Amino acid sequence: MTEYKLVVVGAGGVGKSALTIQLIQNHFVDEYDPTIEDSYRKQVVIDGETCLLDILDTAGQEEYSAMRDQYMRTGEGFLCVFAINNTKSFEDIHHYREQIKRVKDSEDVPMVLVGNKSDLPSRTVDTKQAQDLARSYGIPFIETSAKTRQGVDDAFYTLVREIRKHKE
(Lines of atoms letter the chains of each structure in order from A and count residues from 1; the text may use other names and numbers.)
(Lines give C-alpha, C1' and ligand atoms only; values in the text may rest on other atoms or scores of the structure.)
Protein backbone atom coordinates (compact mmCIF):
# COMPACT_ATOMS: atom_id res chain seq x y z
CA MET A 1 0.00 0.00 0.00
CA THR A 2 1.11 3.60 -0.51
CA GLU A 3 3.04 5.28 2.29
CA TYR A 4 3.12 8.99 3.09
CA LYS A 5 5.68 10.84 5.17
CA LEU A 6 4.19 13.74 7.10
CA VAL A 7 5.80 16.22 9.48
CA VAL A 8 4.04 18.34 12.07
CA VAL A 9 5.81 21.63 12.82
CA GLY A 10 5.05 24.69 14.88
CA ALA A 11 5.88 26.34 18.15
CA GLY A 12 5.98 24.39 21.36
CA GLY A 13 2.63 24.21 23.07
CA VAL A 14 0.41 24.48 19.98
CA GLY A 15 -0.78 20.87 20.14
CA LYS A 16 1.39 18.96 17.69
CA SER A 17 1.74 15.97 19.97
CA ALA A 18 -1.94 16.12 20.85
CA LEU A 19 -3.02 16.31 17.21
CA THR A 20 -0.71 13.46 16.22
CA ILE A 21 -1.64 11.22 19.14
CA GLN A 22 -5.30 11.97 18.52
CA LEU A 23 -4.97 10.96 14.87
CA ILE A 24 -2.85 7.87 15.51
CA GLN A 25 -4.15 6.54 18.82
CA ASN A 26 -7.57 8.21 19.04
CA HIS A 27 -6.95 9.71 22.50
CA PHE A 28 -6.48 13.27 23.66
CA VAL A 29 -3.32 13.62 25.74
CA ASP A 30 -3.07 16.70 27.96
CA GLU A 31 0.40 15.99 29.42
CA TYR A 32 2.94 14.89 26.83
CA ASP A 33 6.58 15.83 27.34
CA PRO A 34 7.22 18.79 25.03
CA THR A 35 10.81 17.62 24.54
CA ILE A 36 9.85 14.27 22.92
CA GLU A 37 10.29 14.00 19.17
CA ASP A 38 8.80 10.82 17.73
CA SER A 39 7.56 9.17 14.58
CA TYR A 40 4.10 7.66 14.61
CA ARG A 41 2.54 5.20 12.18
CA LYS A 42 -1.04 4.38 11.27
CA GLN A 43 -2.77 2.43 8.54
CA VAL A 44 -5.79 4.39 7.30
CA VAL A 45 -8.23 4.37 4.36
CA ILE A 46 -8.35 7.61 2.41
CA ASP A 47 -10.71 7.86 -0.54
CA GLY A 48 -11.13 4.11 -0.61
CA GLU A 49 -7.41 3.22 -0.64
CA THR A 50 -5.48 1.86 2.33
CA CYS A 51 -2.54 4.17 3.09
CA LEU A 52 0.32 4.04 5.63
CA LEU A 53 0.94 7.35 7.36
CA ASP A 54 4.29 7.98 8.98
CA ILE A 55 4.12 11.16 11.05
CA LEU A 56 6.97 13.03 12.71
CA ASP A 57 5.91 15.01 15.75
CA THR A 58 8.57 17.60 16.47
CA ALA A 59 10.23 18.92 19.59
CA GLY A 60 11.88 22.33 19.68
CA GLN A 61 15.37 21.28 20.73
CA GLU A 62 15.73 19.11 17.59
CA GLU A 63 14.96 21.92 15.18
CA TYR A 64 18.48 22.21 13.75
CA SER A 65 19.61 18.64 14.38
CA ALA A 66 21.09 16.54 11.63
CA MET A 67 18.51 13.86 12.26
CA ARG A 68 15.65 16.35 11.97
CA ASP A 69 17.22 17.52 8.73
CA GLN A 70 17.03 13.99 7.31
CA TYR A 71 13.36 13.65 8.24
CA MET A 72 12.57 17.07 6.76
CA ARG A 73 14.35 16.28 3.49
CA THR A 74 12.40 13.04 3.12
CA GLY A 75 9.13 14.41 4.50
CA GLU A 76 6.54 14.74 1.77
CA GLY A 77 4.09 17.10 3.43
CA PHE A 78 3.95 19.42 6.38
CA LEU A 79 1.34 20.58 8.84
CA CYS A 80 2.21 24.02 10.09
CA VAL A 81 0.39 24.33 13.40
CA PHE A 82 -0.46 27.30 15.55
CA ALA A 83 -2.97 27.65 18.38
CA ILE A 84 -5.95 29.98 17.90
CA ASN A 85 -5.54 31.31 21.48
CA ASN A 86 -1.80 32.09 21.09
CA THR A 87 -0.86 34.98 18.81
CA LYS A 88 2.88 34.25 19.15
CA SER A 89 2.42 30.79 17.70
CA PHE A 90 0.63 32.30 14.73
CA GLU A 91 3.37 34.92 14.33
CA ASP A 92 5.90 32.11 14.22
CA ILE A 93 4.27 30.30 11.28
CA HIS A 94 6.45 32.00 8.67
CA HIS A 95 9.53 30.66 10.43
CA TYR A 96 8.41 27.09 9.97
CA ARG A 97 7.22 27.59 6.44
CA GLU A 98 10.53 29.19 5.54
CA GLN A 99 12.45 26.24 6.99
CA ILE A 100 10.37 23.86 4.91
CA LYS A 101 10.96 25.79 1.67
CA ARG A 102 14.69 25.78 2.38
CA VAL A 103 15.04 22.05 3.24
CA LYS A 104 12.86 20.96 0.32
CA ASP A 105 14.51 23.58 -1.93
CA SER A 106 11.10 23.96 -3.47
CA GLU A 107 8.13 26.25 -3.77
CA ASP A 108 5.97 23.18 -4.51
CA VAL A 109 5.71 21.56 -1.08
CA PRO A 110 2.47 19.98 0.20
CA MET A 111 1.41 21.85 3.32
CA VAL A 112 -1.62 22.74 5.41
CA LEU A 113 -1.94 25.58 7.88
CA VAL A 114 -3.59 24.27 11.04
CA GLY A 115 -5.28 26.41 13.63
CA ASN A 116 -5.49 24.20 16.67
CA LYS A 117 -7.32 24.50 20.02
CA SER A 118 -10.51 25.59 18.26
CA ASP A 119 -12.49 24.33 21.22
CA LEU A 120 -11.13 27.12 23.42
CA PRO A 121 -13.20 30.33 23.57
CA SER A 122 -10.26 32.63 24.46
CA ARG A 123 -9.41 33.26 20.81
CA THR A 124 -6.70 35.71 19.80
CA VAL A 125 -6.24 34.85 16.07
CA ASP A 126 -9.09 35.29 13.59
CA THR A 127 -9.94 32.68 10.99
CA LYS A 128 -9.77 35.51 8.43
CA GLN A 129 -6.17 36.24 9.44
CA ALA A 130 -5.17 32.61 9.06
CA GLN A 131 -7.06 32.24 5.77
CA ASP A 132 -5.25 35.29 4.46
CA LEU A 133 -1.93 33.83 5.54
CA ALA A 134 -2.80 30.46 4.02
CA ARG A 135 -3.75 32.13 0.76
CA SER A 136 -0.42 33.95 0.72
CA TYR A 137 1.30 30.58 1.01
CA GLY A 138 -0.92 28.88 -1.53
CA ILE A 139 -2.15 26.29 0.98
CA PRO A 140 -5.38 25.35 2.76
CA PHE A 141 -6.30 26.43 6.30
CA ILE A 142 -7.92 23.85 8.54
CA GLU A 143 -9.26 24.49 12.03
CA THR A 144 -8.67 21.69 14.52
CA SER A 145 -9.19 20.64 18.06
CA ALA A 146 -7.12 17.76 19.31
CA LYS A 147 -9.46 17.68 22.31
CA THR A 148 -12.77 17.27 20.44
CA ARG A 149 -11.29 15.77 17.23
CA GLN A 150 -12.74 18.68 15.20
CA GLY A 151 -10.88 18.82 11.92
CA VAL A 152 -8.15 16.37 12.90
CA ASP A 153 -8.71 13.80 10.17
CA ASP A 154 -9.40 16.60 7.74
CA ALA A 155 -6.03 18.25 8.40
CA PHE A 156 -3.97 15.12 7.98
CA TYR A 157 -6.00 13.63 5.13
CA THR A 158 -6.05 16.95 3.25
CA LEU A 159 -2.26 16.93 3.47
CA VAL A 160 -2.17 13.32 2.22
CA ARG A 161 -4.40 14.23 -0.72
CA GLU A 162 -2.00 17.07 -1.58
CA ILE A 163 0.97 14.69 -1.51
CA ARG A 164 -1.02 12.21 -3.58
CA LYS A 165 -1.76 14.81 -6.22
CA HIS A 166 1.84 16.08 -6.10
CA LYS A 167 3.06 12.54 -6.86
CA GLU A 168 0.28 11.41 -9.22
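Numbering starts at 1 and runs along the sequence shown.
*Asks:* When the Cα temperature factors in the entry are averaged, is it 42 to 50 or 114 to 122 that ends up higher?
*Replies:* Looking at the recorded C-alpha B-factors, 42 to 50 comes out higher on average.
*Asks:* On average, which has the higher Cα B-factor in the deposited entry, 88 to 96 or 70 to 78?
*Replies:* Taking the mean B-factor of the alpha carbons in each, 70 to 78 is higher.
*Asks:* If you compare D30, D132, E143, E37, which has the highest Cα B-factor in the entry?
*Replies:* Most elevated C-alpha B-factor of the set, per the entry: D30.
*Asks:* Among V9, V152, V14, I24, which carries the highest Cα B-factor?
*Replies:* Spelled out: the listed residue with the top C-alpha B-factor is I24.
*Asks:* Using the B-factors in the PDB entry, rank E62's C-alpha atom against the chain and give the third, lowest, middle or highest.
*Replies:* Middle third.
*Asks:* Tell me, lowest, middle or highest third: where does the Cα B factor of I139 rank within its chain?
*Replies:* For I139, the deposited C-alpha B-factor lands in the middle third.
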